[PDB]
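Participant: My structure file protein_28.cif, mmCIF, N, CA and C atoms; chains and numbers go by the auth columns, is below:
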data_start
#
loop_
_atom_site.group_PDB
_atom_site.id
_atom_site.type_symbol
_atom_site.label_atom_id
_atom_site.label_comp_id
_atom_site.label_asym_id
_atom_site.label_seq_id
_atom_site.Cartn_x
_atom_site.Cartn_y
_atom_site.Cartn_z
_atom_site.B_iso_or_equiv
_atom_site.auth_seq_id
_atom_site.auth_asym_id
ATOM 1 N N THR A 1 -16.446 -20.134 10.631 0.00 1 A
ATOM 2 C CA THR A 1 -17.655 -20.464 11.434 0.00 1 A
ATOM 3 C C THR A 1 -17.433 -21.717 12.272 0.00 1 A
ATOM 4 N N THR A 2 -16.591 -22.617 11.772 0.00 2 A
ATOM 5 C CA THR A 2 -16.293 -23.859 12.475 0.00 2 A
ATOM 6 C C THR A 2 -14.841 -24.271 12.264 0.00 2 A
ATOM 7 N N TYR A 3 -14.390 -24.222 11.015 0.00 3 A
ATOM 8 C CA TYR A 3 -13.021 -24.591 10.679 0.00 3 A
ATOM 9 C C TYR A 3 -12.024 -23.610 11.292 0.00 3 A
ATOM 10 N N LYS A 4 -12.458 -22.367 11.475 0.00 4 A
ATOM 11 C CA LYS A 4 -11.601 -21.339 12.056 0.00 4 A
ATOM 12 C C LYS A 4 -11.944 -21.109 13.519 0.00 4 A
ATOM 13 N N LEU A 5 -11.154 -20.268 14.179 0.00 5 A
ATOM 14 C CA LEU A 5 -11.372 -19.979 15.590 0.00 5 A
ATOM 15 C C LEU A 5 -10.351 -18.968 16.109 0.00 5 A
ATOM 16 N N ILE A 6 -10.832 -17.782 16.468 0.00 6 A
ATOM 17 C CA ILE A 6 -9.965 -16.732 16.991 0.00 6 A
ATOM 18 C C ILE A 6 -9.651 -16.970 18.456 0.00 6 A
ATOM 19 N N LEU A 7 -8.367 -17.051 18.792 0.00 7 A
ATOM 20 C CA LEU A 7 -7.948 -17.286 20.160 0.00 7 A
ATOM 21 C C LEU A 7 -7.321 -16.038 20.777 0.00 7 A
ATOM 22 N N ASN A 8 -6.729 -15.188 19.942 0.00 8 A
ATOM 23 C CA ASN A 8 -6.097 -13.962 20.425 0.00 8 A
ATOM 24 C C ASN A 8 -5.418 -13.202 19.298 0.00 8 A
ATOM 25 N N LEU A 9 -5.809 -11.943 19.123 0.00 9 A
ATOM 26 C CA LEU A 9 -5.221 -11.092 18.095 0.00 9 A
ATOM 27 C C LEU A 9 -3.997 -10.401 18.661 0.00 9 A
ATOM 28 N N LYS A 10 -4.144 -9.930 19.894 0.00 10 A
ATOM 29 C CA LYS A 10 -3.075 -9.253 20.606 0.00 10 A
ATOM 30 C C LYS A 10 -1.767 -10.020 20.450 0.00 10 A
ATOM 31 N N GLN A 11 -1.882 -11.341 20.441 0.00 11 A
ATOM 32 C CA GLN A 11 -0.733 -12.216 20.285 0.00 11 A
ATOM 33 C C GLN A 11 -0.231 -12.173 18.846 0.00 11 A
ATOM 34 N N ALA A 12 -1.169 -12.161 17.905 0.00 12 A
ATOM 35 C CA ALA A 12 -0.832 -12.110 16.490 0.00 12 A
ATOM 36 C C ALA A 12 -0.207 -10.769 16.133 0.00 12 A
ATOM 37 N N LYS A 13 -0.821 -9.688 16.603 0.00 13 A
ATOM 38 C CA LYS A 13 -0.317 -8.347 16.324 0.00 13 A
ATOM 39 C C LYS A 13 1.007 -8.095 17.043 0.00 13 A
ATOM 40 N N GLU A 14 1.038 -8.351 18.349 0.00 14 A
ATOM 41 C CA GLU A 14 2.256 -8.149 19.135 0.00 14 A
ATOM 42 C C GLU A 14 3.449 -8.810 18.454 0.00 14 A
ATOM 43 N N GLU A 15 3.206 -9.967 17.847 0.00 15 A
ATOM 44 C CA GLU A 15 4.254 -10.695 17.147 0.00 15 A
ATOM 45 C C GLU A 15 4.643 -9.962 15.869 0.00 15 A
ATOM 46 N N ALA A 16 3.663 -9.304 15.252 0.00 16 A
ATOM 47 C CA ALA A 16 3.898 -8.555 14.024 0.00 16 A
ATOM 48 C C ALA A 16 4.994 -7.515 14.224 0.00 16 A
ATOM 49 N N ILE A 17 4.943 -6.813 15.352 0.00 17 A
ATOM 50 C CA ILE A 17 5.947 -5.794 15.660 0.00 17 A
ATOM 51 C C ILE A 17 7.282 -6.448 16.001 0.00 17 A
ATOM 52 N N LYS A 18 7.239 -7.403 16.925 0.00 18 A
ATOM 53 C CA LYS A 18 8.428 -8.127 17.359 0.00 18 A
ATOM 54 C C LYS A 18 9.143 -8.743 16.168 0.00 18 A
ATOM 55 N N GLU A 19 8.390 -9.431 15.316 0.00 19 A
ATOM 56 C CA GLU A 19 8.971 -10.042 14.130 0.00 19 A
ATOM 57 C C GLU A 19 9.651 -8.965 13.303 0.00 19 A
ATOM 58 N N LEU A 20 8.969 -7.835 13.154 0.00 20 A
ATOM 59 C CA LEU A 20 9.528 -6.714 12.434 0.00 20 A
ATOM 60 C C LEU A 20 10.749 -6.200 13.185 0.00 20 A
ATOM 61 N N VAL A 21 10.700 -6.335 14.511 0.00 21 A
ATOM 62 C CA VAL A 21 11.798 -5.904 15.367 0.00 21 A
ATOM 63 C C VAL A 21 12.980 -6.864 15.252 0.00 21 A
ATOM 64 N N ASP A 22 12.691 -8.148 15.084 0.00 22 A
ATOM 65 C CA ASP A 22 13.738 -9.157 14.967 0.00 22 A
ATOM 66 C C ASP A 22 14.220 -9.288 13.526 0.00 22 A
ATOM 67 N N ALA A 23 13.348 -8.955 12.578 0.00 23 A
ATOM 68 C CA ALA A 23 13.688 -9.039 11.165 0.00 23 A
ATOM 69 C C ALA A 23 14.093 -7.677 10.612 0.00 23 A
ATOM 70 N N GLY A 24 13.176 -6.718 10.681 0.00 24 A
ATOM 71 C CA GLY A 24 13.452 -5.393 10.176 0.00 24 A
ATOM 72 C C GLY A 24 13.122 -5.258 8.705 0.00 24 A
ATOM 73 N N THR A 25 11.839 -5.316 8.383 0.00 25 A
ATOM 74 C CA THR A 25 11.389 -5.207 7.001 0.00 25 A
ATOM 75 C C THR A 25 10.426 -4.048 6.823 0.00 25 A
ATOM 76 N N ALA A 26 9.818 -3.979 5.648 0.00 26 A
ATOM 77 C CA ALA A 26 8.870 -2.925 5.328 0.00 26 A
ATOM 78 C C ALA A 26 7.745 -2.865 6.356 0.00 26 A
ATOM 79 N N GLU A 27 7.860 -1.938 7.296 0.00 27 A
ATOM 80 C CA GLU A 27 6.856 -1.778 8.341 0.00 27 A
ATOM 81 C C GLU A 27 5.476 -1.550 7.742 0.00 27 A
ATOM 82 N N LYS A 28 5.425 -0.954 6.554 0.00 28 A
ATOM 83 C CA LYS A 28 4.155 -0.693 5.883 0.00 28 A
ATOM 84 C C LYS A 28 3.251 -1.922 5.960 0.00 28 A
ATOM 85 N N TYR A 29 3.871 -3.097 5.905 0.00 29 A
ATOM 86 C CA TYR A 29 3.132 -4.346 5.985 0.00 29 A
ATOM 87 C C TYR A 29 2.626 -4.573 7.405 0.00 29 A
ATOM 88 N N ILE A 30 3.466 -4.268 8.394 0.00 30 A
ATOM 89 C CA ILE A 30 3.077 -4.426 9.791 0.00 30 A
ATOM 90 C C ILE A 30 1.860 -3.551 10.081 0.00 30 A
ATOM 91 N N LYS A 31 1.785 -2.416 9.390 0.00 31 A
ATOM 92 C CA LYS A 31 0.662 -1.506 9.543 0.00 31 A
ATOM 93 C C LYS A 31 -0.595 -2.148 8.971 0.00 31 A
ATOM 94 N N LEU A 32 -0.406 -2.971 7.941 0.00 32 A
ATOM 95 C CA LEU A 32 -1.513 -3.670 7.302 0.00 32 A
ATOM 96 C C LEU A 32 -2.114 -4.706 8.249 0.00 32 A
ATOM 97 N N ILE A 33 -1.268 -5.279 9.104 0.00 33 A
ATOM 98 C CA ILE A 33 -1.719 -6.287 10.061 0.00 33 A
ATOM 99 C C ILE A 33 -2.497 -5.647 11.207 0.00 33 A
ATOM 100 N N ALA A 34 -2.158 -4.402 11.530 0.00 34 A
ATOM 101 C CA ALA A 34 -2.832 -3.681 12.606 0.00 34 A
ATOM 102 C C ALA A 34 -4.349 -3.726 12.431 0.00 34 A
ATOM 103 N N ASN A 35 -4.794 -3.849 11.184 0.00 35 A
ATOM 104 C CA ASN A 35 -6.219 -3.908 10.882 0.00 35 A
ATOM 105 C C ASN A 35 -6.707 -5.354 10.787 0.00 35 A
ATOM 106 N N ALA A 36 -5.765 -6.292 10.703 0.00 36 A
ATOM 107 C CA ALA A 36 -6.099 -7.711 10.610 0.00 36 A
ATOM 108 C C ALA A 36 -7.153 -8.105 11.642 0.00 36 A
ATOM 109 N N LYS A 37 -8.167 -8.834 11.194 0.00 37 A
ATOM 110 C CA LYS A 37 -9.240 -9.279 12.080 0.00 37 A
ATOM 111 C C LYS A 37 -9.090 -10.760 12.406 0.00 37 A
ATOM 112 N N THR A 38 -8.540 -11.515 11.460 0.00 38 A
ATOM 113 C CA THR A 38 -8.333 -12.944 11.648 0.00 38 A
ATOM 114 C C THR A 38 -6.909 -13.227 12.115 0.00 38 A
ATOM 115 N N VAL A 39 -6.773 -14.145 13.067 0.00 39 A
ATOM 116 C CA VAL A 39 -5.464 -14.503 13.601 0.00 39 A
ATOM 117 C C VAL A 39 -4.515 -14.947 12.491 0.00 39 A
ATOM 118 N N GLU A 40 -5.042 -15.712 11.542 0.00 40 A
ATOM 119 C CA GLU A 40 -4.241 -16.203 10.425 0.00 40 A
ATOM 120 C C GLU A 40 -3.833 -15.059 9.504 0.00 40 A
ATOM 121 N N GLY A 41 -4.771 -14.159 9.233 0.00 41 A
ATOM 122 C CA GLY A 41 -4.490 -13.028 8.369 0.00 41 A
ATOM 123 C C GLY A 41 -3.347 -12.177 8.882 0.00 41 A
ATOM 124 N N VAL A 42 -3.184 -12.144 10.200 0.00 42 A
ATOM 125 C CA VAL A 42 -2.118 -11.356 10.813 0.00 42 A
ATOM 126 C C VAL A 42 -0.792 -12.105 10.742 0.00 42 A
ATOM 127 N N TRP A 43 -0.801 -13.363 11.179 0.00 43 A
ATOM 128 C CA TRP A 43 0.400 -14.188 11.150 0.00 43 A
ATOM 129 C C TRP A 43 0.937 -14.299 9.729 0.00 43 A
ATOM 130 N N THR A 44 0.025 -14.271 8.761 0.00 44 A
ATOM 131 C CA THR A 44 0.395 -14.376 7.354 0.00 44 A
ATOM 132 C C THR A 44 1.041 -13.088 6.854 0.00 44 A
ATOM 133 N N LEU A 45 0.483 -11.947 7.252 0.00 45 A
ATOM 134 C CA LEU A 45 1.016 -10.653 6.830 0.00 45 A
ATOM 135 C C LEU A 45 2.486 -10.498 7.235 0.00 45 A
ATOM 136 N N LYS A 46 2.787 -10.751 8.507 0.00 46 A
ATOM 137 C CA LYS A 46 4.157 -10.641 9.001 0.00 46 A
ATOM 138 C C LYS A 46 5.073 -11.624 8.276 0.00 46 A
ATOM 139 N N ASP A 47 4.669 -12.892 8.250 0.00 47 A
ATOM 140 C CA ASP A 47 5.449 -13.930 7.587 0.00 47 A
ATOM 141 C C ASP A 47 5.531 -13.667 6.088 0.00 47 A
ATOM 142 N N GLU A 48 4.472 -13.076 5.541 0.00 48 A
ATOM 143 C CA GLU A 48 4.421 -12.765 4.118 0.00 48 A
ATOM 144 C C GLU A 48 5.584 -11.865 3.730 0.00 48 A
ATOM 145 N N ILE A 49 5.968 -10.980 4.643 0.00 49 A
ATOM 146 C CA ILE A 49 7.078 -10.070 4.394 0.00 49 A
ATOM 147 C C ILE A 49 8.406 -10.799 4.551 0.00 49 A
ATOM 148 N N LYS A 50 8.444 -11.754 5.476 0.00 50 A
ATOM 149 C CA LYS A 50 9.658 -12.528 5.718 0.00 50 A
ATOM 150 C C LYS A 50 10.118 -13.221 4.439 0.00 50 A
ATOM 151 N N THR A 51 9.156 -13.603 3.605 0.00 51 A
ATOM 152 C CA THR A 51 9.457 -14.271 2.344 0.00 51 A
ATOM 153 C C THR A 51 9.532 -13.265 1.197 0.00 51 A
ATOM 154 N N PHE A 52 8.901 -12.107 1.384 0.00 52 A
ATOM 155 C CA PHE A 52 8.897 -11.060 0.366 0.00 52 A
ATOM 156 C C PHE A 52 8.111 -11.497 -0.868 0.00 52 A
ATOM 157 N N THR A 53 7.212 -12.458 -0.684 0.00 53 A
ATOM 158 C CA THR A 53 6.391 -12.963 -1.780 0.00 53 A
ATOM 159 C C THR A 53 7.255 -13.367 -2.973 0.00 53 A
ATOM 160 N N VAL A 54 6.605 -13.645 -4.099 0.00 54 A
ATOM 161 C CA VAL A 54 7.310 -14.042 -5.310 0.00 54 A
ATOM 162 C C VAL A 54 6.496 -13.706 -6.555 0.00 54 A
ATOM 163 N N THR A 55 6.801 -12.567 -7.165 0.00 55 A
ATOM 164 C CA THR A 55 6.097 -12.128 -8.366 0.00 55 A
ATOM 165 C C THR A 55 4.614 -11.916 -8.078 0.00 55 A
ATOM 166 N N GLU A 56 4.283 -10.748 -7.535 0.00 56 A
ATOM 167 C CA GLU A 56 2.902 -10.422 -7.210 0.00 56 A
ATOM 168 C C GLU A 56 2.681 -8.912 -7.218 0.00 56 A
#
So that I can check it, write out the structure of this file as structure tokens.
Facilitator:
Amino acid sequence: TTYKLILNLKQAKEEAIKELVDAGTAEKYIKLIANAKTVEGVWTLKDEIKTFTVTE
């Protein structure tokens, strides 16, 4: 409402594919970002795969 602020999803999503294109990981996750509504939620999904999480 105040602490957050959406500036562009297209940028967040477009990066999701590119990152997947530059990295090459479980696209299933990139599909999860396609529904992402928050800019952070999208950037996190892609990066989340880059780290592959840790025991979850």
Participant: Suppose a student applies the PyMOL selection byres (((chain A and resi 41-55 and name CA) around 9) and name CA) to this structure; what residues should they get, written as a list in words?
Facilitator: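 With the shown file as input, the PyMOL selection byres (((chain A and resi 41-55 and name CA) around 9) and name CA) matches residues 9, 12, 13, 15, 16, 17, 19, 20, 23, 25, 26, 29, 30, 32, 33, 34, 35, 36, 37, 38, 39, 40 and 56 of chain A.
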Participant: Record the distance separating atom C of residue A:21 and atom CA of residue A:5, expressed in Å with one decimal.
Facilitator: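 Distance reported for this atom pair: 27.7 Å.
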Participant: Would you mind reading off the distance between atom N of residue A:18 and atom N of residue A:31, one decimal, in Å?
Facilitator: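 Computing it gives 10.6 Å between the two atoms.
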Participant: Quick check, in Å to one decimal: how far apart do atom CA of residue A:27 and atom N of residue A:10 lie?
Facilitator: 17.9 Å
Participant: Based on DSSP run over this structure's backbone, return all residues of chain A in alpha helix (DSSP H), as a ChimeraX atom specification.
Facilitator: /A:9-23,27-33,39-51
Participant: Output as AutoDock Vina command-line options the centre and edge lengths (Å, one decimal) of the box along x, y and z of the file that holds every listed atom of stretch 23-42 of chain A after adding 6 Å on each side.
Facilitator:
--center_x 2.4 --center_y -8.4 --center_z 9.5 --size_x 35.3 --size_y 27.5 --size_z 20.3
